[PDB]
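Presented below, as structure tokens, is a lone chain in the form deposited without the ligand.
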């Protein structure tokens, strides 16, 4: 039996690697992916080989992540419950896709992940695993084992000789999320110095910095004139935005599994891309199209949050969002200043804006429009007798 584990190199997935061997007595192929966590994956790959893995793969997936996941999602204008930019949600699908491809190639019947039983990640990993390979077996150590608390786990580690050391966190090119620990009290403010991706607004530059993002077809292709690849472009905007402390969100979200959770997120580049995109859409999209797209954004957002990336519903909606996003061509000019992003200007080759209509229709026309529109309201008032 072979098991492909999403190995991160940390304490838990390390414990998990030992646990899969003793419990299933199978070969555990460890898989670590670089998606922008700011970590040397080869260090995790080597530690994997030492922790017992029979094989350990480490792939650079920054470009695929941004190109095939972050961007398609951004074109939809996806935002979960008002502020969540789905940093962790779009990542999981990519990883599960690789676990299944690897198992397929290694002749492994199962894949494993270290997501707990109380979160969305288990569902995200699994829903995409079963969607891509229906007969794949999935092992979720957190839902199967007996450890009743941290203490027991440290001991099991030492017992197996495994390296050992507030809140937990997830990071990638799109963001860093912080949850648990002192964060569980929704009336409690995130502790000083918790953030890592963005600088503290209070320590941000005293002079605003302007940035321009060009969109060609629904996707950002250049920053301040320099053409950048998807992963390269997101990286650049993280640097520029992070320096100004942009993209901080503090929310109590609704998990798919039934309960509420207090989360804190920092998405510098993503927050700039969010506003830059809408700025360009303000000139390139027709009113009615925009109004319809916006009413569907929320649904697409929960589809991603819940883990339905490789679900026919999302791919259906994606056909709609992509059709609309195709017209988003132009440039956005934003002003970054102490934790904030301000749209200050935008332009587009095929802008629908013309200061002459506000500088083919005249006064009288507006009158008839009003009459026709008011008819049903007048008949109503009259009938209300």
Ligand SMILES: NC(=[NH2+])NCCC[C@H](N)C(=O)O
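Positions refer to the first chain, counted from 1. Only the largest set of C-alpha atoms that superpose within 1.5 Å between the two forms is called the rigid core.
The higher RMS C-alpha distance to the shown form in 6 other deposited structures of this protein, out of 283-291 and 143-151, belongs to 143-151, with every structure fitted on the core. Per the records, residue 357 is among the residues left out by at least a third of the other compared entries, whereas the shown structure includes it.
According to the entry, the deposited sequence places 4 to 9 unmodelled residues between residue 359 and residue 360. Gap check for residue 107 to residue 108: zero deposited residues are absent from the model.
Look at the C-alpha B-factors of 137-145 and of 156-164. On average they run higher in 156-164. As the entry records it, the average C-alpha temperature factor is higher for 51-59, out of 51-59 and 64-72.
Each of 269, 77, 180, 87 has a CA temperature factor in the record; the biggest one is found at 180. The entry assigns its greatest Cα B factor, within the set 202, 253, 281, 288, to 202. Sort the modelled residues of the chain by CA B factor and residue 339 lands in the highest third. In this PDB entry, the Cα temperature factor of residue 11 sits in the top third of its chain's modelled residues, the highest group.
When the modelled residues of the chain are ordered by their C-alpha B factor, residue 1 lands in the highest third. In the PDB entry, a CA B factor belonging to the middle third of its chain's modelled residues is recorded for residue 219. Among the modelled residues of the chain, residue 170 sits in the highest third by CA temperature factor in this PDB entry.
Beyond what is shown, the protein has a form solved in complex with the ligand; the following relates to that form.
Looking at residue 128, you'd find every heavy atom of it more than 4.5 angstroms from the ligand in the entry with it bound. Although the partner is absent here, residue 88 lies within 4.5 Å of the ligand in the entry with it bound, judged by heavy atoms. Using a 4.5 Å cutoff between non-hydrogen atoms, residue 282 does not count as a contact of the ligand in the entry with it bound. Although the partner is absent here, residue 120 lies within 4.5 Å of the ligand in the entry with it bound, judged by heavy atoms. Interface residue among 212, 179, 302, 106, judged by heavy atoms within 4.5 Å of the ligand in the entry with it bound: 179.
Note on the partner interface in the entry with it bound: the residue among 132, 169, 79, 140 having a heavy atom within 4.5 angstroms of the ligand is 169.
The stretch among 273-281, 242-250, 80-88, 191-199 whose residues place heavy atoms within 4.5 Å of the ligand in the entry with it bound is 80-88. Heavy atoms closer than or equal to 4.5 Å to the ligand in the entry with it bound belong, across 261-295, to one residue only: 265.
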